[PDB]
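Listed next as structure tokens: two forms of one protein chain, kept apart as structure 1 and structure 2.
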Structure 1
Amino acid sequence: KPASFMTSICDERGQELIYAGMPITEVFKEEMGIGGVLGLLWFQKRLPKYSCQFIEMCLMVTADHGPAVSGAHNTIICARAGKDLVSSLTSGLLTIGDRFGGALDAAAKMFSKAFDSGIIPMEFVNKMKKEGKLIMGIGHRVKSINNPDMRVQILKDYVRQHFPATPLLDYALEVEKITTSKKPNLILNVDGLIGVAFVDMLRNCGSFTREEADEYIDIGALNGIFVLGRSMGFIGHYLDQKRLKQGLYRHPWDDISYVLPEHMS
């Protein structure tokens, strides 16, 4: 007779739905918004208004980055094969986590590890170069120190105007001053900014202990921010391919090098 499952986030058993202790009518009366609902459902906290607005801005800036990236491309091909929305969205989401859409989480973890170890920025940069490890959340394929990324500028401006303390972002900005002295494109990118600003929120907004903040990073909250944000764009791409009446795709043979083993091997 003991219960096999435990749950903490939502109670739908009563007359009125509850999100982490707040009845749904109170969620709307308090104007919590999507960011506030995320705070309740993911963290079981009532976050400050500025934190909720920051979460929403992260979801807006990660919403899409065009059709060429791995996941959008896969969703498109899946839509062009005549599949349903869920199948197409998930074909694209399944590309996320490592080389694509994984740098938010990896930047948070890497910069938090360096900061927490007490190593200064200049020594973190030299250590990573000696280990042959790229700094996660640094670098950009097209922007640079005097040609900035506007998503970085908008988010960074918000964080600096509203957050009372941003020690990890400050650390990452010192790292950026150093890396841009090796190559101008080694800027703090949007994945690096979201990653470090999200750690600064969890550690300093007042709703979490350090242990709680560290656990939410370790279990993948930043993978969730990118996944939830970019799901809007991937659904958009699915709908667009259907609106554009795009037919079945087959990749051209001229772009594929076939190098099979020898018959006699």
Structure 2
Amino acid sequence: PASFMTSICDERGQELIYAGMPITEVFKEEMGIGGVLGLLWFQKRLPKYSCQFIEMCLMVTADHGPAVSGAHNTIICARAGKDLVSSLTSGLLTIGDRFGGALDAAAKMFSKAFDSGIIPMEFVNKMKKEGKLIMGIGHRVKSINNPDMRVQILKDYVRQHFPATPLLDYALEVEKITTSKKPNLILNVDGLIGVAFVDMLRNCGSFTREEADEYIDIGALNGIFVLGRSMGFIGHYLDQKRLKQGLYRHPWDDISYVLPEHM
């Protein structure tokens, strides 16, 4: 009896198959990278606007400079003379709850609040009372004084193409409240993509409510940022190889050593 099960790709036959679509049909149907992601991650032929939204998400998350945790770590590996994969992975491993990997939790938290019937102000006050950070809100450098154009682009697309945007609308109401409290509490790219994907999955017509919930629960949304930002991290690796930057060592003047005494 077979010990493994697989559903997404069959490479055994005359032609490669992605989720029951032979590769020739993938190209004949002009499915693009977004359509291939729809097949491999969601086992569906998603609508064109959904495929294009996926591609837009990969484009807008591609890079955000060398200062962020993962790009900084990739740059260090590259400067340590490591190979592409080691350097990329060293940076990818920083993606999580604080940096880049709040899409899953933003989708879950905003969907829960919305579906439960609580209004935006009740959601904000409940999270504050419980000491819970709102996932998908907040940014170290972008703010109401320095808005995030990636969020604007995504919003504009969703409004032009999506048949329904109730969760995005709810999250934008939350953002009006949080930014009035502190200017950095914007709806960040993780929050935008997360809530937009809930609206997309629930209303595109390719999924049942249970199927959409399963995709959010198993972590598909965070994958969008991982795949998108991998392009920028590889770009930083290549750039540092071209720049011929030597081994980095962090300066002692930026480190406070406070070791135990009387040992």
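The term rigid core refers to the maximal set of C-alpha atoms that superpose within 1.5 Å between the two forms. Please note that residue numbering is based on structure 1, beginning with 1 at the start of its sequence.
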{"property": "Exceeds or equals 2 Å, Cα of residue 138 between structure 1 and structure 2, core fit", "result": "yes"}
{"property": "Residue 95 C-alpha moves between structure 1 and structure 2 by 2 Å or more, core aligned", "result": "no"}
{"property": "After fitting the core, residue 78 CA displacement of 2 Å or more between structure 1 and structure 2", "result": "no"}
{"property": "Per-residue C-alpha deviation between structure 1 and structure 2 [residue 170; rigid core superposition; Å]", "result": "1.4"}
{"property": "Cα shift between structure 1 and structure 2 at residue 119, which is computed once both forms share a superposed rigid core (Å)", "result": "1.0"}
{"property": "Shift in Å of the residue 185 Cα between structure 1 and structure 2 [rigid core superposition]", "result": "4.2"}
